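One letter stands for each residue in the lines below.
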Amino acid sequence: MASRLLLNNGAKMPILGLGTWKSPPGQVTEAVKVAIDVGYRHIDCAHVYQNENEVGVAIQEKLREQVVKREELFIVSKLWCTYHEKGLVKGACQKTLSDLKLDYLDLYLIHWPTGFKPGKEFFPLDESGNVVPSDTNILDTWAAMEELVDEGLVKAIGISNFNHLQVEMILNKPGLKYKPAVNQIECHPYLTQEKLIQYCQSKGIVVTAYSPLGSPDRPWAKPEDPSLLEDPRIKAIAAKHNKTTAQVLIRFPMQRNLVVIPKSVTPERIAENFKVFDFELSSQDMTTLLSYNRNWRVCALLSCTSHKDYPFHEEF
Ligand SMILES: NC(=O)c1ccc[n+]([C@@H]2O[C@H](COP(=O)([O-])OP(=O)(O)OC[C@H]3O[C@@H](n4cnc5c(N)ncnc54)[C@H](OP(=O)(O)O)[C@@H]3O)[C@@H](O)[C@H]2O)c1
Ligand SMILES: Cc1ccccc1CC(=O)Nc1cc(C)c(S(=O)(=O)NCC(=O)O)c(C)c1
């Protein structure tokens, strides 16, 4: 199938990208270099991951070696919650561009709809442990994001972890200049997101599925949580196609017209995860995979369930 998807800004976004959350600074440079060598042209980053400087080193080296041209790459980053205030958005984007060593981003996303109190702490908590919110609203933050497009800093803007009512809020914003091009959300067989995906696609918004493998290395992974990589039913489907369960889990969202960003710092897995364009899951396989949904969430942002903009109280 097509290796890239058309965005509403006219640009094409590679449907397969490399995730970098939890990728150690001392290993992420080699991971990104190997990914580019193998064919990856889309890298998903974020200032909150604390490794954007090292990711930038890999990108610059490959541009310098002439393995790829800048226009061939699709680099994505995200605005953290403590910079939702209108006057802090540009500076947050500039820090990311400085670390990645690029003069523009192909896509910049609002990481979460929730704004936090500005400061050096990524998760500011009060004397009682709750996250301290900021009195900023999604609409004002969006206007600040639109300004980055007009200034040439980013080619497209989008959102992440927004529920359908929050997406609707932006689409109905008075004076809306640029519609969100992408909504990056958690999606895998245990959290299929049928309703939200249908809603977004019907509005011309491309959906990127994160944690496609169930984020086995998530820090809060409890010793006996569900495990997609070891689900016997998924292993059976992979065996039938002579592919690994990870390849099946990556091919799954692709056939739903979604962009997918598996994360890996292991050279052999980075290469294996890219060999997903040579096989096809049947309609029966897809429907079966969709039946495994349990509404199980890897990223629930539990510390902000009290925030006025917490996205997961709504059904979708
Ligand atoms: N917008 C948001 O709020 C948000 C939230 C969560 C995630 N994300 C993004 O989505 C990306 C992916 O999600 P994620 O990091 O949560 O997890 P993931 O991609 O679902 O899983 C990553 C884990 O799977 C392993 N792995 C990779 N390929 C494998 C293979 N072929 N076989 C067996 N194991 C394999 C990795 O190990 P090794 O690395 O050791 O190989 C790592 O432990 C992120 O890195 C980030 O860019 C964004
Ligand atoms: C428990 C624990 C132990 C060691 C190191 C970190 C943590 C907690 C942790 O990982 N926090 C956290 C960090 C980030 C950076 C995000 S996030 O919002 O950035 N989502 C992940 C992503 O975007 O890939 C979230 C939700 C929680």
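Each value, and the rule that gives it
- Numbers on residues come from counting from 1 along each chain's written sequence, not from the entry itself, and any residue without coordinates is not displayed.
- Note on labels: chains are lettered from A, ligands numbered from 1, in written order.
- As a rule here, side-chain values cover all heavy atoms of the structure and leave hydrogens and water aside.
- A pair of strands is labelled paired if DSSP reports no fewer than 2 bridges between them.
- Secondary structure counts use DSSP, requiring at least four H or I residues in a row for a helix and at least two E residues in a row for a strand, with both numbered from the N terminus.
- In what follows, salt bridge is the name for a side-chain nitrogen of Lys or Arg lying within 4 Å of a carboxyl oxygen of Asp or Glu.
- The cut-offs for exposure are 20% and 50% of the maximum accessible area for each residue type, with area from a 1.4 Å probe on protein chains only; residues under the lower value are buried, those over the upper are exposed, and the others partly exposed.
- Nearness is judged by heavy atoms alone; a residue qualifies as near a molecule or strand once a single heavy atom is within 4 Å of it.
- In protein, a polar contact requires one atom able to donate a hydrogen and another able to accept it; more generally it is a pair of N or O atoms within 3.5 Å, and residues adjacent in sequence count only if both atoms are side-chain atoms.
- Working definition of accessibility: Shrake-Rupley area with a 1.4 Å probe, residue cover restricted to the visible protein chains.
- Classification convention: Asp, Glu, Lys, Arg as charged; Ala, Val, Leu, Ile, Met, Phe, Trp, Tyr, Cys, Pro as nonpolar; all other residues, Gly among them, as polar.
- Only rings of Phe, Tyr and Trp enter the pairing, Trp through its six-membered ring, and a pair is recorded when the two centres are within 6.5 Å. The plane angle decides the type: under 30 degrees is stacked, over 60 is edge-to-face, the rest tilted.
- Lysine NZ or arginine CZ positioned within 6 Å of the ring centre and within 35 degrees of the ring normal marks a charge as sitting over the ring.

- By the method listed in its record, X-ray crystallography, this PDB entry was determined to a resolution of 1.7 Å.

## Notes on the sheet that holds strand β4 (residues 42-44)
Here is step 1 of the chain: What the eight strands build is an open sheet, ordered β3-β4-β5-β6-β7-β8-β9-β10; its pairing is parallel. In this open sheet, the two strands that pair with only one neighbour each are β3 (18-19) and β10 (259-260).
Here is step 2 of the chain: Sheet topology places β3 next to β4; two bridges connect them, and they run parallel. What sits directly across from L18, in β4, is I43.

## Thoughts on the pattern of salt bridges
Here is step 1 of the chain: If you walk through the whole model with that rule in mind, you get 17 salt bridges.
Here is step 2 of the chain: Between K263 and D217 there is a salt bridge whose closest N-O contact spans 2.9 Å. One end of the pair, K263, is in the loop between β10 and α9 (267-274); the other, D217, is in the loop between β9 (206-210) and α7 (232-241), and 46 residues separate them in sequence.
Here is step 3 of the chain: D309 serves as the salt-bridge partner of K308, at 2.7 Å between the closest nitrogen and oxygen.
Here is step 4 of the chain: Under the relative-accessibility criterion, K308 is labelled exposed at 57%.
Here is step 5 of the chain: What emerges from the salt-bridge pattern is a single network uniting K22, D217 and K263.

## Regarding the site of ligand 1
Here is step 1 of the chain: Not every one of the 32 residues close to ligand 1 is listed here, only the nearest: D44, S160, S215, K263 and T266.
Here is step 2 of the chain: One nitrogen or oxygen atom from the main chain of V265 is found 3.1 Å from an oxygen atom belonging to ligand 1.
Here is step 3 of the chain: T266 places a polar side-chain atom, nitrogen or oxygen, 2.8 Å from an oxygen atom of ligand 1.
Here is step 4 of the chain: Look at ligand 1: alone it shows 920 Å² of surface, and the protein chains cover 92% of it.
Here is step 5 of the chain: It is α9 that provides the largest number of residues to the shell around ligand 1, a total of three residues.
Here is step 6 of the chain: The residue inventory of the shell around ligand 1, partitioned by class, reads 13 nonpolar, twelve polar and seven charged.

## Quick word on the packing of aromatic side chains
Geometry of an aromatic ring pair is reported as the spacing of the ring centres plus the angle between the planes.
Here is step 1 of the chain: Under the definition given, this model contains ten aromatic pairs.
Here is step 2 of the chain: Considering the side-chain rings of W112 and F312, the 6.0 Å spacing of their centres and the 75 degrees angle between planes classify their relative orientation as edge-to-face. Of the two residues, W112 is situated in the loop between β6 (107-110) and α4 (138-150) and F312 in the segment after α10 (283-290); the sequence distance between them amounts to 200 residues. Across this residue pair, the class does not change: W112 and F312 are buried.
Here is step 3 of the chain: Of the aromatic side chains, those joined through ring pairs into one cluster are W80, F116, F122 and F123.
Here is step 4 of the chain: Over the face of the ring belonging to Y190 we find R294, whose NZ or CZ atom lies 4.0 Å from the ring centre.

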